[PDB]
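Report on the following structure.
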Amino acid sequence: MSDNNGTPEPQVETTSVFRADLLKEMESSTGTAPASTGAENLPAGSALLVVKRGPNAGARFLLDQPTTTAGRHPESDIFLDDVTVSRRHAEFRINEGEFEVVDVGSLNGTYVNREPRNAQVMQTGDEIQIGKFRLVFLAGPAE
């Protein structure tokens, strides 16, 4: 298996391709880059992402489902307010306890681990830049 087993909902929306200045702000953020290890240890087989800056900043969401879609979508588990309406910006796919980010937008330029990435293998401590706001991916509950 490889694809999301079920039905991804097709979306029609108009996305503007960003030519943004936020890359300068990313550079202003250059200082320390959090690094964590132990993602493959799997605390409870789950992982969470905390909004460090953004509309929902301060909230942490946990990925408990095998497929987590992010962006504006009626069925997106991770709802983030974009600058435009991103019907499909990124999805986090959980396969055998491993987390992969697949960017299905590249519209703003998805940065995963602070770098533009179309497909990413997630690690704890990974920083995801969605628009001009950022999410920090952390290992989930160790309950």
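FYI, nothing fancy with the structure tokens labels: chains A, B, ... in order, residues from 1 per chain, ligands from 1 as they appear.
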
Residue A:97: which residues within 10 Å, counting only C-alpha atoms, same-chain residues fewer than 4 positions away excluded, as a list in words?
-> residues 39, 40, 41, 42, 44, 45, 46, 47, 66 and 93 of chain A

May I ask which of the residues A:122, A:83, A:1, A:33 is the closest one to residue A:107, counting only C-alpha atoms?
-> A:83

Compile the contact shell of residue A:57 as a ChimeraX atom specification: residues with an atom at most 9 Å away, counting only C-alpha atoms, same-chain residues fewer than 5 positions apart removed.
-> /A:50-52,133-135

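Distance-wise, atom CA of residue A:123 and atom CA of residue A:77 end up 19.7 Å apart.
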
What residues in stretch 22-71 of chain A get the DSSP label strand (DSSP E)? Please answer as a list in words.
-> residues 47, 48, 49, 50, 51, 52, 53, 60, 61, 62, 63, 67, 68, 69 and 70 of chain A

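For the choices A:126, A:140, A:132, A:61, the atom-to-atom distance to residue A:34 is smallest for A:126 when using only C-alpha atoms.
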
Return as a PDB file with N, CA and C atoms, in the first residue's frame the full set of residues in chain A whose backbone-based DSSP assignment is alpha helix (DSSP H).
```pdb
ATOM      1  N   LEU A  22       8.540  36.646   3.248  1.00  0.00           N
ATOM      2  CA  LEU A  22       8.654  35.846   4.485  1.00  0.00           C
ATOM      3  C   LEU A  22       9.967  35.053   4.600  1.00  0.00           C
ATOM      4  N   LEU A  23      10.666  34.888   3.492  1.00  0.00           N
ATOM      5  CA  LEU A  23      11.951  34.227   3.485  1.00  0.00           C
ATOM      6  C   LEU A  23      13.000  35.051   4.261  1.00  0.00           C
ATOM      7  N   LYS A  24      12.775  36.351   4.304  1.00  0.00           N
ATOM      8  CA  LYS A  24      13.611  37.279   5.025  1.00  0.00           C
ATOM      9  C   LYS A  24      13.337  37.111   6.518  1.00  0.00           C
ATOM     10  N   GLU A  25      12.070  36.925   6.849  1.00  0.00           N
ATOM     11  CA  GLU A  25      11.639  36.674   8.218  1.00  0.00           C
ATOM     12  C   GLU A  25      12.169  35.309   8.698  1.00  0.00           C
ATOM     13  N   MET A  26      12.223  34.344   7.783  1.00  0.00           N
ATOM     14  CA  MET A  26      12.812  33.036   8.068  1.00  0.00           C
ATOM     15  C   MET A  26      14.286  33.222   8.426  1.00  0.00           C
ATOM     16  N   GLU A  27      14.958  34.082   7.676  1.00  0.00           N
ATOM     17  CA  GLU A  27      16.353  34.394   7.917  1.00  0.00           C
ATOM     18  C   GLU A  27      16.525  35.149   9.251  1.00  0.00           C
ATOM     19  N   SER A  28      15.556  35.979   9.598  1.00  0.00           N
ATOM     20  CA  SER A  28      15.588  36.693  10.867  1.00  0.00           C
ATOM     21  C   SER A  28      15.378  35.718  12.033  1.00  0.00           C
ATOM     22  N   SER A  29      14.837  34.568  11.723  1.00  0.00           N
ATOM     23  CA  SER A  29      14.611  33.543  12.695  1.00  0.00           C
ATOM     24  C   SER A  29      15.861  32.662  12.851  1.00  0.00           C
TER      25      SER A  29
END
```
